[PDB]
Amino acid sequence: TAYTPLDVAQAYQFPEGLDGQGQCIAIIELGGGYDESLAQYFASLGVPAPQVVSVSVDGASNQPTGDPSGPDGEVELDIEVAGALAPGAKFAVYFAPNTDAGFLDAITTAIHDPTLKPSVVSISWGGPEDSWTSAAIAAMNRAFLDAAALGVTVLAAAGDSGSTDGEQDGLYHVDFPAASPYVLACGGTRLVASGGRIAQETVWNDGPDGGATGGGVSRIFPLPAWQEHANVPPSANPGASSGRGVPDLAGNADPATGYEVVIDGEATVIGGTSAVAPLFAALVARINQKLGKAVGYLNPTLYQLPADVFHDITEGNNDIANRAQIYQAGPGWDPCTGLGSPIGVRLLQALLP
Ligand SMILES: [Ca+2]
């Protein structure tokens, strides 16, 4: 199976009549490029190609490498998914070197950008939280904090290597920046839909060889107040305390039921949690447009909303390391899919004045 991004937005009942006009979505990139074949693809979808402007950071810039398996794959997937679904939005793509500094610097640049003022920041890059310097973590978090104060929604993909996050030391790890309490962490599912109805939605897990959604409990960031009613367990690692549970929301990421994109001029099908942050970023822009105001930092509200605002995933696990089924999805918040997939019209309604 394959879907267009529009197929997936209908399953998730995105609000109609809204295309993100008046909103600017920042997308962070740590490599590659795109070619402005993007218009071609949006044409093929029957939607207008939005305005896309690239921004140089720390000397880096829009430079496609030709390899659909390199960063170009991340960049164009990111732009195609949010752009297809928020085509009235303006797209600001910040290119920075793939490092500690560049990543921080691209995020700080976007958030504070006085020309383009994105109201949403989508991120599809990261690494095990335990892999980041102390200083990069703190800096990254204060950047997110600054985003919340400016009414900017920051969304991050939770990872494509299951509960172990590609670390082969035998322990469970969560990815950063999705582990930041100030980020909307986006995990992944396997979606079977049609007629705009969800027939089946389960944890994305294609074992060691095909990826799984990241998800779990942070051993660096404390359980936030607003997560206290979400039955987050302690980290499964020995001795581990209470910590921020990852993720908050989840959506179609299984490449087996993936997104029809064009990458480096080739038609192909792709998944990963990489696509879910751009997906919900478009959701949030349509909502800001309807409301006339940026919703900014959403995690405290989301965990206070009625549960029926979300489609709950309750089956499956994100373990690709062993047979212990860590972690398992369940009724309500769980460490594979968080609150579940958002029901667009219901999320907008809950937030209307
Ligand atoms: Ca659940």
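Residues numbered from 1 in each chain as written, not as in the entry; some residues may be left out. Heavy atoms only, no water.

Header annotation of the entry names X-ray crystallography as the structure determination method and lists the resolution as 2.00 Å.

## Quick word on the UniProt feature "binding site: Ca(2+)" in the protein chain
Summarizing the sequence annotation, UniProt attributes the feature "binding site: Ca(2+)" to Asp312, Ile313, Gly330, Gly332 and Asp334 in the numbering used throughout. The greatest C-alpha distance among the residues just named is 9.5 Å, despite their covering 23 residues of sequence, which places them together in space. Mapped onto the fold, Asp312 is located in the loop between β16 (310-311) and β17 (341-342). Residue contacts for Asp312: discarding those within four places in its chain leaves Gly330, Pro331, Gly332 and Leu339. In terms of polar contacts, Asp312 uses its side chain to reach the backbone amide nitrogen of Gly332, at 2.7 Å. (UniProt positions renumbered as here; feature names shortened; annotations may be inferred. Helix = DSSP H or I, 4+ residues; strand = E, 2+ residues; numbered from the N terminus. Contact = heavy atoms within 4.5 Å. Polar contact = N/O pair within 3.5 Å; in protein donor to acceptor, adjacent residues only side chain to side chain.)

## Notes on the nonpolar core
The nonpolar side chains of a soluble globular protein tend to be buried, and buried together. Counting 76 residues, the largest nonpolar core has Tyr12, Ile25, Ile79, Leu279 and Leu302 as the members making the most contacts within it. For this core, the element with the highest residue contribution is helix α7 (residues 276-291), accounting for ten residues. Ignoring sequence-local partners within four residues, the contact set of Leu279 consists of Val8, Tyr12, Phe14, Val81, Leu85 and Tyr259. By size, the runner-up hydrophobic cluster in this structure holds 38 residues, among which are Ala26, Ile28, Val57 and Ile111. (Core = buried A, V, L, I, M, F, W, Y, C linked by side-chain atoms within 4.5 Å. Buried < 20%, exposed > 50% of the residue type's maximum accessible area, 1.4 Å probe, protein only.)

## What about the pattern of salt bridges?
Here the structure, examined in full by the defined rule, presents two salt bridges. Among the ionic pairs, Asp146 bridges to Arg142, the shortest N-O distance being 2.6 Å. Taken as a pair, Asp146 and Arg142 lie in helix α5 (residues 134-149) at a separation of four residues, close to a single helical turn. What makes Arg142 partly exposed here is its relative accessible area of 46%. Here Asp248 ties to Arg244 by a salt bridge, and the two come within 2.7 Å at their closest N and O atoms. Of the two residues, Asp248 and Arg244, neither departs from the other in class, the shared state being buried. (Salt bridge = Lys/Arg side-chain N within 4 Å of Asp/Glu carboxyl O.)

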